[PDB]
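K.L.:
Quick one: structure below, then a few questions.
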Amino acid sequence: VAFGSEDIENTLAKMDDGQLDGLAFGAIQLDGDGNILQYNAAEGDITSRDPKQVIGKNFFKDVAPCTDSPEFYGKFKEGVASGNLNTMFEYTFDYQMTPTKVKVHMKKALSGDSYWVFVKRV
Ligand SMILES: *C(=O)/C=C/c1ccc(O)cc1
């Protein structure tokens, strides 16, 4: 189970409350509109966020506005509208933080009503 694993959505679907926090890569679960449902420890470290605080906020509007663009937020809504989200790219996170380069992997969750955003430094 690692960043980029071909069946990552299967393994996470079988996880609990804090198992998500044992992952070496940042992991965020969003609903179809971009609202944060889950946000693990690793992501909070990478972006200097307190996980408990970002839950409930909209990822694209409030927490990660730099991701509100055709290549990130744009691809997110396409995958949502096709039931097949599974894309990788590099990006730079800079809102309320020191600009940090990262590799991003977005992928639909098994339920097909929620979506994952995986992150690791590069
Ligand atoms: C761009 O503004 C990105 C900001 C951001 C990305 C990921 C996070 O977990 C927190 C903030």
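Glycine also receives a Cβ, built like all others from the backbone with ideal geometry; neighbour counts cover every protein chain displayed. Only the coordinates and a few stated rules stand behind these numbers; no lab work does.
K.L.:
Run the dipole for the chain about the Cα centre, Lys and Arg Cβ at +1, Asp and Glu Cβ at -1, nothing else charged, and hand back the magnitude in debye, nearest 20.
P.N.:
The dipole magnitude comes to about 220 debye.
K.L.:
Taking the stretch 1-68, which trypsin sites (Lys or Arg not before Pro) meet the DSSP loop condition and have no more than 14 other C-beta atoms within 10 Å?
P.N.:
Of the trypsin sites (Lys or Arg not before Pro), the ones in loops of the stretch 1-68 whose Cβ has at most 14 other Cβ atoms within 10 Å are 14.
K.L.:
Same structure again: With +1 on each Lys and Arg Cβ and -1 on each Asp and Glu Cβ, how big is the dipole of the stretch 29-89 about its Cα centre, in debye rounded to the nearest 20?
P.N.:
Using Cβ point charges on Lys, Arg, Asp and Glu, the stretch 29-89 gives about 60 debye.
K.L.:
If you don't mind, there's one more thing I want to ask. With a sphere of radius 15 Å drawn around the Cβ of residue 108, what net charge do the other residues whose Cβ falls strictly inside it have (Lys, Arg +1; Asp, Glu -1)?
P.N.:
-4
K.L.:
Projecting each Cα onto the charge dipole of the chain (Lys/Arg +1, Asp/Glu -1 at the beta carbon, about the Cα centre), which of 11, 30, 63 comes out farthest on the positive side?
P.N.:
63
K.L.:
Separate question: Most fluctuating residue of 46, 36, 28 in a GNM of the chain with Cα springs under 10 Å: which is it?
P.N.:
With Cα springs under 10 Å in the chain, the top fluctuation among 46, 36, 28 is at 46.
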